[PDB]
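To be precise, the following lines are start_8.cif, and they hold mmCIF, C-alpha atoms.
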```cif
data_final
loop_
_atom_site.label_atom_id
_atom_site.label_comp_id
_atom_site.auth_asym_id
_atom_site.auth_seq_id
_atom_site.Cartn_x
_atom_site.Cartn_y
_atom_site.Cartn_z
CA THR A 3 -5.74 1.89 23.31
CA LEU A 4 -6.93 3.12 19.90
CA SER A 5 -6.35 -0.55 18.91
CA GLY A 6 -9.55 -2.29 17.74
CA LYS A 7 -11.95 0.61 18.38
CA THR A 8 -12.39 1.45 14.67
CA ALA A 9 -12.72 -0.49 11.43
CA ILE A 10 -12.68 -0.33 7.69
CA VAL A 11 -16.17 -0.91 6.29
CA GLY A 12 -15.75 -0.09 2.58
CA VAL A 13 -12.93 -0.10 0.04
CA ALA A 14 -12.91 0.76 -3.68
CA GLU A 15 -10.86 1.90 -6.65
CA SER A 16 -11.95 4.47 -9.19
CA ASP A 17 -14.27 3.26 -11.99
CA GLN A 18 -11.22 2.74 -14.21
CA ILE A 19 -7.49 2.56 -13.49
CA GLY A 20 -4.37 2.31 -15.62
CA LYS A 21 -4.65 4.55 -18.66
CA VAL A 22 -7.59 6.87 -18.03
CA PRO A 23 -7.42 9.81 -20.43
CA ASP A 24 -9.37 12.99 -19.73
CA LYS A 25 -10.21 12.12 -16.06
CA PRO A 26 -8.57 14.51 -13.60
CA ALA A 27 -7.33 13.56 -10.13
CA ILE A 28 -10.44 14.99 -8.42
CA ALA A 29 -12.74 12.81 -10.51
CA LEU A 30 -10.64 9.71 -9.76
CA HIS A 31 -10.94 10.42 -6.03
CA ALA A 32 -14.71 11.06 -6.26
CA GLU A 33 -15.46 7.81 -8.07
CA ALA A 34 -13.45 5.76 -5.60
CA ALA A 35 -15.25 7.46 -2.71
CA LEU A 36 -18.74 6.82 -4.08
CA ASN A 37 -17.81 3.23 -4.83
CA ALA A 38 -16.42 2.61 -1.32
CA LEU A 39 -19.48 4.11 0.34
CA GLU A 40 -21.98 2.06 -1.67
CA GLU A 41 -20.04 -1.14 -0.89
CA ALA A 42 -20.47 -0.41 2.82
CA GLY A 43 -24.13 0.54 2.34
CA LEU A 44 -23.54 4.20 3.16
CA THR A 45 -23.77 7.37 1.11
CA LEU A 46 -22.10 10.79 0.94
CA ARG A 47 -24.68 12.04 3.45
CA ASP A 48 -23.25 9.80 6.19
CA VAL A 49 -19.74 11.25 5.82
CA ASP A 50 -18.40 13.80 8.30
CA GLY A 51 -14.62 13.15 8.00
CA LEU A 52 -12.49 13.67 4.88
CA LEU A 53 -8.80 12.72 4.59
CA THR A 54 -6.93 13.11 1.24
CA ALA A 55 -3.63 12.61 -0.62
CA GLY A 56 -3.22 13.92 -4.18
CA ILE A 57 -5.96 16.55 -3.82
CA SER A 58 -7.06 19.14 -1.23
CA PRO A 59 -9.81 18.07 1.23
CA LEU A 60 -11.41 21.49 0.75
CA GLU A 61 -11.48 21.06 -3.03
CA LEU A 62 -12.73 17.46 -2.91
CA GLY A 63 -15.37 18.08 -0.25
CA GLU A 64 -16.79 20.86 -2.39
CA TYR A 65 -16.73 18.60 -5.46
CA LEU A 66 -18.54 15.79 -3.66
CA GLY A 67 -20.84 18.42 -2.13
CA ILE A 68 -20.19 17.62 1.53
CA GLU A 69 -19.19 19.79 4.50
CA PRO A 70 -17.38 17.50 6.93
CA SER A 71 -16.55 18.49 10.51
CA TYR A 72 -13.04 17.01 10.20
CA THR A 73 -10.47 17.26 7.42
CA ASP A 74 -6.85 16.21 6.98
CA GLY A 75 -4.60 16.86 3.97
CA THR A 76 -1.21 15.73 2.74
CA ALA A 77 1.76 18.06 2.15
CA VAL A 78 2.72 18.12 -1.55
CA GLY A 80 5.06 14.36 -0.10
CA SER A 81 3.86 10.81 0.64
CA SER A 82 1.01 9.14 2.55
CA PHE A 83 0.77 5.40 3.22
CA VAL A 84 -1.20 4.58 6.41
CA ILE A 85 -1.01 7.82 8.46
CA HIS A 86 -4.63 8.58 7.48
CA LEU A 87 -5.83 5.40 9.20
CA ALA A 88 -4.26 6.59 12.44
CA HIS A 89 -5.68 10.07 12.05
CA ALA A 90 -9.13 8.71 11.19
CA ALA A 91 -9.23 6.25 14.10
CA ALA A 92 -8.21 9.10 16.46
CA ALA A 93 -10.76 11.47 15.00
CA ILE A 94 -13.50 8.85 15.49
CA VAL A 95 -12.58 7.86 19.05
CA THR A 96 -12.32 11.52 20.10
CA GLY A 97 -15.57 12.15 18.21
CA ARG A 98 -14.34 14.84 15.79
CA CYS A 99 -16.13 12.61 13.26
CA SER A 100 -17.89 9.22 12.96
CA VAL A 101 -17.74 8.24 9.27
CA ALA A 102 -14.27 8.93 7.86
CA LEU A 103 -13.73 8.90 4.12
CA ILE A 104 -10.09 8.57 2.99
CA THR A 105 -9.05 9.07 -0.66
CA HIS A 106 -5.71 8.72 -2.48
CA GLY A 107 -4.58 8.97 -6.07
CA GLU A 108 -3.79 11.03 -9.13
CA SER A 109 -3.62 11.09 -12.93
CA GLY A 110 -0.05 9.79 -12.80
CA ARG A 111 0.16 8.57 -16.38
CA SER A 112 -2.08 10.99 -18.30
CA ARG A 113 -1.44 13.99 -16.04
CA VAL A 114 -4.89 15.37 -16.80
CA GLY A 115 -5.23 19.03 -15.82
CA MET A 116 -1.56 19.37 -14.85
CA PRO A 117 0.74 22.18 -16.11
CA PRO A 118 3.14 21.25 -18.99
CA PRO A 139 14.68 10.17 -6.81
CA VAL A 140 15.89 6.98 -8.47
CA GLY A 141 19.64 7.52 -8.07
CA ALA A 142 19.41 7.42 -4.30
CA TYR A 143 17.49 4.12 -4.27
CA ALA A 144 19.87 2.67 -6.86
CA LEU A 145 22.82 3.58 -4.72
CA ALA A 146 21.24 2.11 -1.60
CA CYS A 147 20.52 -1.10 -3.50
CA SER A 148 24.05 -1.32 -4.86
CA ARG A 149 25.44 -0.84 -1.36
CA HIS A 150 23.22 -3.65 -0.04
CA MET A 151 24.49 -5.85 -2.90
CA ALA A 152 28.16 -5.14 -2.06
CA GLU A 153 27.77 -5.30 1.74
CA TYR A 154 25.59 -8.42 2.01
CA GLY A 155 25.96 -10.26 -1.34
CA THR A 156 22.36 -9.67 -2.39
CA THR A 157 22.06 -10.66 -6.07
CA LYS A 158 20.03 -9.38 -9.05
CA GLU A 159 18.53 -12.89 -9.19
CA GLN A 160 17.22 -12.57 -5.60
CA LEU A 161 15.65 -9.15 -6.28
CA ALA A 162 14.06 -10.49 -9.43
CA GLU A 163 12.15 -13.10 -7.40
CA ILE A 164 10.04 -10.26 -6.03
CA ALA A 165 9.07 -9.04 -9.47
CA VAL A 166 8.30 -12.60 -10.59
CA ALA A 167 6.25 -13.53 -7.52
CA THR A 168 4.38 -10.22 -7.62
CA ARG A 169 3.60 -10.66 -11.32
CA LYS A 170 2.06 -14.08 -10.53
CA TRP A 171 -0.38 -12.27 -8.25
CA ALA A 172 -1.07 -9.71 -11.00
CA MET A 173 -2.09 -12.51 -13.39
CA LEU A 174 -4.86 -13.48 -10.94
CA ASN A 175 -6.23 -9.91 -10.93
CA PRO A 176 -8.36 -8.65 -13.86
CA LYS A 177 -7.63 -5.02 -13.00
CA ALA A 178 -3.82 -5.43 -12.97
CA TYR A 179 -2.00 -3.43 -15.67
CA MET A 180 0.64 -6.11 -16.33
CA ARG A 181 -0.53 -9.71 -16.63
CA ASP A 182 2.09 -11.41 -18.84
CA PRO A 183 4.01 -14.04 -16.89
CA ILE A 184 7.73 -13.41 -16.46
CA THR A 185 10.83 -15.33 -15.36
CA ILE A 186 13.97 -14.39 -13.41
CA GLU A 187 15.83 -14.20 -16.74
CA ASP A 188 13.18 -11.86 -18.20
CA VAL A 189 13.85 -9.49 -15.29
CA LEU A 190 17.64 -9.60 -15.68
CA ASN A 191 17.29 -8.95 -19.40
CA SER A 192 14.65 -6.20 -19.03
CA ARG A 193 15.53 -2.65 -20.07
CA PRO A 194 18.10 -0.98 -17.83
CA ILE A 195 16.82 2.21 -16.18
CA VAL A 196 19.42 3.22 -13.61
CA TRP A 197 21.89 0.51 -12.61
CA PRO A 198 21.27 -1.85 -10.87
CA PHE A 199 17.55 -1.32 -11.69
CA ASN A 200 16.03 -2.67 -14.91
CA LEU A 201 12.46 -1.84 -16.02
CA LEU A 202 10.92 -4.82 -14.26
CA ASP A 203 12.59 -3.73 -10.98
CA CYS A 204 10.63 -0.43 -11.03
CA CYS A 205 7.03 0.46 -10.25
CA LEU A 206 4.51 1.45 -12.87
CA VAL A 207 3.10 4.90 -13.57
CA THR A 208 -0.74 4.72 -13.74
CA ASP A 209 -3.91 6.82 -13.39
CA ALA A 210 -5.84 5.64 -10.32
CA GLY A 211 -7.95 6.71 -7.37
CA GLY A 212 -8.53 4.65 -4.24
CA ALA A 213 -10.69 5.07 -1.16
CA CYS A 214 -11.84 3.53 2.11
CA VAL A 215 -14.37 4.28 4.81
CA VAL A 216 -13.75 4.05 8.54
CA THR A 217 -16.23 3.97 11.43
CA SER A 218 -16.37 2.90 15.06
CA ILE A 219 -16.30 -0.87 15.49
CA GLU A 220 -19.84 -0.69 16.96
CA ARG A 221 -21.32 1.04 13.91
CA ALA A 222 -19.29 -1.27 11.65
CA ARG A 223 -21.07 -4.35 13.03
CA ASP A 224 -24.36 -2.92 11.65
CA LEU A 225 -23.09 -2.47 8.04
CA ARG A 226 -22.78 -4.71 4.92
CA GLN A 227 -19.19 -5.96 4.83
CA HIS A 228 -17.22 -8.09 7.26
CA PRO A 229 -15.46 -5.43 9.36
CA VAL A 230 -11.69 -4.97 9.29
CA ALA A 231 -10.29 -3.58 12.51
CA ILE A 232 -7.51 -1.07 12.71
CA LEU A 233 -5.37 -2.84 15.34
CA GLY A 234 -1.95 -1.16 15.10
CA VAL A 235 -0.47 1.92 13.46
CA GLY A 236 3.02 3.35 13.58
CA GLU A 237 4.57 6.23 11.66
CA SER A 238 8.03 7.79 11.71
CA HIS A 239 10.44 10.03 9.79
CA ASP A 240 14.03 11.27 10.12
CA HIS A 241 14.74 14.91 10.92
CA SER A 242 14.40 17.24 7.92
CA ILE A 243 18.17 17.87 8.24
CA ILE A 244 20.29 14.71 7.89
CA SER A 245 23.98 14.41 7.02
CA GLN A 246 23.85 11.19 5.05
CA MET A 247 21.17 9.52 2.98
CA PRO A 248 20.23 6.21 4.61
CA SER A 249 21.42 3.15 2.64
CA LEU A 250 21.50 -0.21 4.39
CA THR A 251 18.44 0.25 6.54
CA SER A 252 15.52 2.60 7.08
CA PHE A 253 15.54 3.41 10.80
CA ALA A 254 12.18 5.08 10.17
CA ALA A 255 10.76 1.73 9.02
CA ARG A 256 12.13 -0.08 12.06
CA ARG A 257 10.51 2.48 14.32
CA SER A 258 7.13 2.43 12.53
CA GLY A 259 7.16 -1.37 12.36
CA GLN A 260 7.86 -1.76 16.04
CA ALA A 261 5.17 0.71 17.09
CA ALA A 262 2.55 -1.04 14.98
CA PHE A 263 3.45 -4.51 16.34
CA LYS A 264 3.40 -3.14 19.88
CA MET A 265 0.07 -1.30 19.52
CA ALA A 266 -1.57 -4.42 18.14
CA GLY A 267 0.02 -6.89 20.56
CA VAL A 268 0.61 -9.57 17.90
CA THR A 269 3.71 -11.37 16.64
CA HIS A 270 5.41 -11.63 13.24
CA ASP A 271 4.33 -15.27 13.02
CA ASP A 272 0.65 -14.27 13.43
CA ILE A 273 0.86 -12.19 10.21
CA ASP A 274 -0.83 -13.98 7.31
CA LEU A 275 -0.37 -11.35 4.56
CA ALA A 276 2.09 -8.55 3.92
CA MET A 277 1.39 -5.59 1.68
CA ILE A 278 4.63 -3.70 1.20
CA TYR A 279 5.07 -0.57 -0.90
CA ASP A 280 7.20 -1.50 -3.93
CA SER A 281 8.54 1.58 -5.63
CA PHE A 282 11.36 -0.82 -6.37
CA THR A 283 12.20 -4.43 -5.88
CA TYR A 284 14.88 -3.24 -3.44
CA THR A 285 12.34 -1.26 -1.40
CA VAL A 286 10.42 -4.45 -0.69
CA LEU A 287 13.50 -6.46 0.24
CA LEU A 288 14.83 -3.82 2.60
CA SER A 289 11.40 -3.28 4.21
CA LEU A 290 11.16 -6.99 5.04
CA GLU A 291 14.49 -6.70 6.83
CA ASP A 292 13.58 -3.43 8.54
CA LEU A 293 10.27 -4.93 9.73
CA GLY A 294 12.12 -7.93 11.15
CA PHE A 295 10.68 -10.79 9.13
CA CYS A 296 14.28 -11.70 8.38
CA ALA A 297 17.74 -10.68 9.59
CA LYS A 298 19.65 -7.62 8.45
CA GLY A 299 21.20 -8.49 5.07
CA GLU A 300 19.23 -11.70 4.47
CA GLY A 301 16.10 -10.43 2.67
CA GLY A 302 17.39 -11.98 -0.57
CA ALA A 303 17.44 -15.49 0.86
CA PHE A 304 14.08 -14.75 2.48
CA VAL A 305 12.30 -14.01 -0.80
CA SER A 306 13.92 -16.92 -2.71
CA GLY A 307 12.14 -20.11 -3.81
CA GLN A 308 9.11 -17.97 -4.65
CA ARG A 309 8.19 -17.86 -0.94
CA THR A 310 5.85 -14.87 -1.56
CA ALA A 311 4.10 -16.15 -4.72
CA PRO A 312 0.59 -17.68 -4.67
CA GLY A 313 0.58 -20.72 -2.35
CA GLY A 314 3.94 -19.84 -0.81
CA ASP A 315 4.66 -19.50 2.91
CA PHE A 316 4.64 -15.67 2.91
CA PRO A 317 1.99 -14.13 0.65
CA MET A 318 2.97 -10.58 -0.33
CA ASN A 319 1.45 -7.87 -2.53
CA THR A 320 -1.39 -10.08 -3.61
CA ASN A 321 -2.99 -7.53 -5.93
CA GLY A 322 0.24 -7.27 -8.02
CA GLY A 323 1.54 -4.24 -6.09
CA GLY A 324 2.99 -1.10 -7.66
CA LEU A 325 5.24 -3.27 -9.86
CA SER A 326 2.47 -4.95 -11.87
CA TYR A 327 -0.99 -3.70 -10.76
CA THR A 328 -1.20 0.08 -10.38
CA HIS A 329 0.88 2.97 -9.02
CA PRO A 330 -0.25 6.54 -9.47
CA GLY A 331 2.23 7.76 -6.85
CA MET A 332 3.34 7.20 -3.24
CA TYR A 333 -0.06 6.22 -1.82
CA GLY A 334 -0.93 3.47 0.68
CA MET A 335 -4.61 3.09 -0.21
CA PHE A 336 -4.17 0.48 -2.90
CA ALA A 337 -2.31 -1.77 -0.44
CA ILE A 338 -5.01 -1.11 2.19
CA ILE A 339 -7.78 -1.97 -0.27
CA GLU A 340 -6.24 -5.35 -1.16
CA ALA A 341 -5.45 -6.10 2.49
CA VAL A 342 -9.09 -5.50 3.38
CA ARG A 343 -10.31 -7.69 0.53
CA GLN A 344 -8.06 -10.58 1.49
CA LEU A 345 -9.16 -10.26 5.14
CA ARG A 346 -12.87 -10.32 4.22
CA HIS A 347 -12.14 -13.41 2.09
CA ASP A 348 -13.54 -11.48 -0.90
CA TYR A 349 -11.71 -13.93 -3.21
CA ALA A 350 -13.23 -17.15 -1.78
CA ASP A 351 -14.52 -18.10 -5.25
CA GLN A 352 -11.31 -17.50 -7.16
CA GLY A 353 -9.05 -20.26 -5.85
CA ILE A 354 -5.40 -19.49 -5.05
CA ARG A 355 -6.04 -15.75 -5.31
CA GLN A 356 -7.50 -15.90 -1.81
CA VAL A 357 -4.90 -15.98 0.94
CA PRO A 358 -5.41 -19.01 3.22
CA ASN A 359 -6.85 -18.22 6.66
CA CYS A 360 -6.54 -14.47 6.35
CA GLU A 361 -6.85 -13.20 9.93
CA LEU A 362 -4.01 -10.64 10.19
CA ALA A 363 -2.32 -8.41 7.64
CA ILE A 364 0.48 -5.90 7.72
CA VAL A 365 0.53 -2.89 5.39
CA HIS A 366 3.80 -0.99 5.11
CA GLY A 367 5.42 1.76 3.09
CA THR A 368 8.92 3.21 3.25
CA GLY A 369 9.12 6.55 1.43
CA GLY A 370 11.16 9.73 1.10
CA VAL A 371 14.70 8.55 0.61
CA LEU A 372 14.29 5.66 3.05
CA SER A 373 13.66 8.50 5.48
CA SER A 374 9.97 8.02 6.28
CA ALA A 375 7.65 5.10 6.89
CA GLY A 376 4.20 4.10 8.08
CA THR A 377 3.04 0.67 9.15
CA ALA A 378 -0.43 -0.69 9.90
CA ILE A 379 -1.79 -3.95 11.20
CA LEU A 380 -5.36 -4.88 10.27
CA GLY A 381 -7.53 -7.82 11.35
CA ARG A 382 -10.59 -9.88 10.43
CA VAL A 383 -12.66 -8.95 13.49
#
```

Encoded form using structure tokens:
Amino acid sequence: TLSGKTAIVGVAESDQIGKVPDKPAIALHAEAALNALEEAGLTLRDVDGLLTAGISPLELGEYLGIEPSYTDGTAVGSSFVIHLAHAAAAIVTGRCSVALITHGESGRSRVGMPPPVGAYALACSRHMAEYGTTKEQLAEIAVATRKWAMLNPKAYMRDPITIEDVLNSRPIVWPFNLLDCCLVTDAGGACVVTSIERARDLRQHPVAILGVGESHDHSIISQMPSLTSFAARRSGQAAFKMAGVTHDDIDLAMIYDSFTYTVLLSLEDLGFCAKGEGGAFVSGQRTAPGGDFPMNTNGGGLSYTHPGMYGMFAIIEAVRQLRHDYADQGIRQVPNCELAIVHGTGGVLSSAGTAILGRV
């Protein structure tokens, strides 16, 4: 019953992303915030809620020069969509009314900073041995996601690639090659949330927060998960249930892609395909532009931007697709974008957050 009562009214990245020398994390957050507010037709003066990942809410509020009634920070740790849930709750209960959420860091340049892949590699290799998942099937994800990156001016990688290019790319930690792994960029991202009522009186087509789920395993666990993230299953189910929609109603999937494997497994854990059959699911470029299952339409962490484990960049693109922001630009726009799912599996497959958003 938090479902539908709040909406995203503004989304923005920092002024620049990718390689941004000399701009610290706090500045990247600030820019994104200002940009998201202006898009909605609001200003810093309207903001009374501040939620952050990559920087302290105290520090950022001071830097923007605001004194919000509600704050929420992230433990330094991941944050995908938990801030949407916290913001919606804070609005409904009236601890705030205009919630500003900001993510990001100077991942590449590490401006103003003082001078675990093996586990994912092992999980992937186990999936390969247990289910017959192939390097070729995992490469499809990189290839399809790169095709989306080519349609996006802000994407860091825009050279087209083939399955073979991926297999021949530089090995990092077996079975991952370079094109199986996310980028390391400088980037800030931000969005603004209000009540659905107040959202109807603002500039952009509103995007309703319809379902959120979050879960993590106990801090003490005897075995690193491998073949499935139970946390992702739990968060997925709660989001579907809160929203009261089906898998078939989903028009767009944004899925955190620290690795090609992370995407494949998340699709399985979310229940878009059966356990062990994610490889077949992604084949035939099903997720590329014009395919049956559009995924990571901005280019994702693999080819667009990735300053760290942050869900805001996926949220931003999901909103844009849902508002039909890309109407002009042909295949870039996802056909009939009514419902989108945003998901991230983090930790060591030990945490996850899932959100369902809708074109009101």

Might you pull out every residue within 12 Å of residue 269 (chain A), with all atoms listed in the file counted and same-chain residues fewer than 6 positions away left off, and present them as a CSV table (one decimal) with C-alpha atoms, keeping the file's coordinate frame?
```csv
chain,number,residue,atom,x,y,z
A,234,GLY,CA,-2.0,-1.2,15.1
A,259,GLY,CA,7.2,-1.4,12.4
A,260,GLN,CA,7.9,-1.8,16.0
A,262,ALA,CA,2.6,-1.0,15.0
A,263,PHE,CA,3.4,-4.5,16.3
A,293,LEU,CA,10.3,-4.9,9.7
A,294,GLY,CA,12.1,-7.9,11.2
A,295,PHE,CA,10.7,-10.8,9.1
A,362,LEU,CA,-4.0,-10.6,10.2
A,363,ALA,CA,-2.3,-8.4,7.6
A,364,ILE,CA,0.5,-5.9,7.7
A,379,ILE,CA,-1.8,-4.0,11.2
```

Exercise for the section: Apply the PyMOL selection byres ((chain A and resi 241-243) around 12) to the file shown and report the selected residues as number ranges by chain. Expected result: A: 238-240, 244-247, 253-254, 370-371, 373-374

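Proximity to residue 206 (chain A) at 10 Å, evaluated using only C-alpha atoms and with sequence-adjacent residues fewer than 6 positions away removed, yields residues 20, 110, 111, 179, 180, 280, 281, 282, 323, 324, 325, 326, 327, 328, 329, 330 and 331 of chain A.
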
Exercise for the section: Would you kindly return, as number ranges by chain, each protein, DNA or RNA residue with an atom no farther than 9 Å from any atom of residue 142 (chain A), considering all atoms listed in the file and excluding same-chain residues fewer than 2 positions away? Expected result: A: 139-140, 144-147, 247, 249, 371

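Between CA of residue 272 (chain A) and CA of residue 348 (chain A) lies a distance of 20.4 Å.
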
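Going from CA of residue 165 (chain A) to CA of residue 322 (chain A) covers 9.1 Å.
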
As a PDB file, in the coordinates of the input, please: region 31-57 of chain A completed to N, CA and C atoms.
```pdb
ATOM      1  N   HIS A  31     -10.661  10.476  -7.462  1.00  0.00           N
ATOM      2  CA  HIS A  31     -10.940  10.420  -6.030  1.00  0.00           C
ATOM      3  C   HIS A  31     -12.441  10.233  -5.772  1.00  0.00           C
ATOM      4  N   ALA A  32     -13.246  11.047  -6.450  1.00  0.00           N
ATOM      5  CA  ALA A  32     -14.710  11.060  -6.260  1.00  0.00           C
ATOM      6  C   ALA A  32     -15.345   9.713  -6.553  1.00  0.00           C
ATOM      7  N   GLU A  33     -14.979   9.127  -7.691  1.00  0.00           N
ATOM      8  CA  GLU A  33     -15.460   7.810  -8.070  1.00  0.00           C
ATOM      9  C   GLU A  33     -15.133   6.797  -7.006  1.00  0.00           C
ATOM     10  N   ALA A  34     -13.870   6.749  -6.608  1.00  0.00           N
ATOM     11  CA  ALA A  34     -13.450   5.760  -5.600  1.00  0.00           C
ATOM     12  C   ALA A  34     -14.265   5.910  -4.310  1.00  0.00           C
ATOM     13  N   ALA A  35     -14.489   7.155  -3.903  1.00  0.00           N
ATOM     14  CA  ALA A  35     -15.250   7.460  -2.710  1.00  0.00           C
ATOM     15  C   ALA A  35     -16.668   6.913  -2.793  1.00  0.00           C
ATOM     16  N   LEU A  36     -17.375   7.301  -3.850  1.00  0.00           N
ATOM     17  CA  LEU A  36     -18.740   6.820  -4.080  1.00  0.00           C
ATOM     18  C   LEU A  36     -18.796   5.294  -4.077  1.00  0.00           C
ATOM     19  N   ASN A  37     -17.863   4.676  -4.786  1.00  0.00           N
ATOM     20  CA  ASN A  37     -17.810   3.230  -4.830  1.00  0.00           C
ATOM     21  C   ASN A  37     -17.568   2.603  -3.465  1.00  0.00           C
ATOM     22  N   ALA A  38     -16.711   3.204  -2.639  1.00  0.00           N
ATOM     23  CA  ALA A  38     -16.420   2.610  -1.320  1.00  0.00           C
ATOM     24  C   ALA A  38     -17.604   2.742  -0.366  1.00  0.00           C
ATOM     25  N   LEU A  39     -18.301   3.864  -0.474  1.00  0.00           N
ATOM     26  CA  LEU A  39     -19.480   4.110   0.340  1.00  0.00           C
ATOM     27  C   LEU A  39     -20.604   3.119   0.037  1.00  0.00           C
ATOM     28  N   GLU A  40     -20.925   2.973  -1.246  1.00  0.00           N
ATOM     29  CA  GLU A  40     -21.980   2.060  -1.670  1.00  0.00           C
ATOM     30  C   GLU A  40     -21.676   0.629  -1.221  1.00  0.00           C
ATOM     31  N   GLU A  41     -20.421   0.203  -1.333  1.00  0.00           N
ATOM     32  CA  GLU A  41     -20.040  -1.140  -0.890  1.00  0.00           C
ATOM     33  C   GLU A  41     -20.371  -1.361   0.589  1.00  0.00           C
ATOM     34  N   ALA A  42     -20.192  -0.321   1.389  1.00  0.00           N
ATOM     35  CA  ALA A  42     -20.470  -0.410   2.820  1.00  0.00           C
ATOM     36  C   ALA A  42     -21.967  -0.273   3.118  1.00  0.00           C
ATOM     37  N   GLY A  43     -22.709   0.291   2.173  1.00  0.00           N
ATOM     38  CA  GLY A  43     -24.130   0.540   2.340  1.00  0.00           C
ATOM     39  C   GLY A  43     -24.364   1.902   2.933  1.00  0.00           C
ATOM     40  N   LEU A  44     -23.411   2.809   2.724  1.00  0.00           N
ATOM     41  CA  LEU A  44     -23.540   4.200   3.160  1.00  0.00           C
ATOM     42  C   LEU A  44     -23.623   5.071   1.935  1.00  0.00           C
ATOM     43  N   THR A  45     -23.785   6.368   2.171  1.00  0.00           N
ATOM     44  CA  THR A  45     -23.770   7.370   1.110  1.00  0.00           C
ATOM     45  C   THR A  45     -22.943   8.564   1.557  1.00  0.00           C
ATOM     46  N   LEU A  46     -22.772   9.522   0.647  1.00  0.00           N
ATOM     47  CA  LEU A  46     -22.100  10.790   0.940  1.00  0.00           C
ATOM     48  C   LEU A  46     -22.697  11.541   2.130  1.00  0.00           C
ATOM     49  N   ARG A  47     -23.985  11.331   2.384  1.00  0.00           N
ATOM     50  CA  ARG A  47     -24.680  12.040   3.450  1.00  0.00           C
ATOM     51  C   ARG A  47     -24.237  11.561   4.824  1.00  0.00           C
ATOM     52  N   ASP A  48     -23.738  10.332   4.916  1.00  0.00           N
ATOM     53  CA  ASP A  48     -23.250   9.800   6.190  1.00  0.00           C
ATOM     54  C   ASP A  48     -21.861  10.289   6.562  1.00  0.00           C
ATOM     55  N   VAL A  49     -21.155  10.921   5.630  1.00  0.00           N
ATOM     56  CA  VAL A  49     -19.740  11.250   5.820  1.00  0.00           C
ATOM     57  C   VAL A  49     -19.548  12.586   6.522  1.00  0.00           C
ATOM     58  N   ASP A  50     -18.763  12.566   7.589  1.00  0.00           N
ATOM     59  CA  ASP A  50     -18.400  13.800   8.300  1.00  0.00           C
ATOM     60  C   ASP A  50     -16.886  13.992   8.473  1.00  0.00           C
ATOM     61  N   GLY A  51     -16.088  13.047   7.964  1.00  0.00           N
ATOM     62  CA  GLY A  51     -14.620  13.150   8.000  1.00  0.00           C
ATOM     63  C   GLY A  51     -13.989  12.870   6.644  1.00  0.00           C
ATOM     64  N   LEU A  52     -13.096  13.755   6.205  1.00  0.00           N
ATOM     65  CA  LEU A  52     -12.490  13.670   4.880  1.00  0.00           C
ATOM     66  C   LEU A  52     -10.971  13.818   4.940  1.00  0.00           C
ATOM     67  N   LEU A  53     -10.263  12.757   4.562  1.00  0.00           N
ATOM     68  CA  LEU A  53      -8.800  12.720   4.590  1.00  0.00           C
ATOM     69  C   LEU A  53      -8.267  12.396   3.186  1.00  0.00           C
ATOM     70  N   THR A  54      -7.341  13.206   2.661  1.00  0.00           N
ATOM     71  CA  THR A  54      -6.930  13.110   1.240  1.00  0.00           C
ATOM     72  C   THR A  54      -5.417  13.159   0.981  1.00  0.00           C
ATOM     73  N   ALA A  55      -4.995  12.495  -0.093  1.00  0.00           N
ATOM     74  CA  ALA A  55      -3.630  12.610  -0.620  1.00  0.00           C
ATOM     75  C   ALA A  55      -3.704  12.660  -2.136  1.00  0.00           C
ATOM     76  N   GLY A  56      -3.178  13.722  -2.730  1.00  0.00           N
ATOM     77  CA  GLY A  56      -3.220  13.920  -4.180  1.00  0.00           C
ATOM     78  C   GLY A  56      -4.213  14.999  -4.587  1.00  0.00           C
ATOM     79  N   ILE A  57      -4.961  15.504  -3.605  1.00  0.00           N
ATOM     80  CA  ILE A  57      -5.960  16.550  -3.820  1.00  0.00           C
ATOM     81  C   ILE A  57      -6.327  17.148  -2.459  1.00  0.00           C
TER      82      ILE A  57
END
```
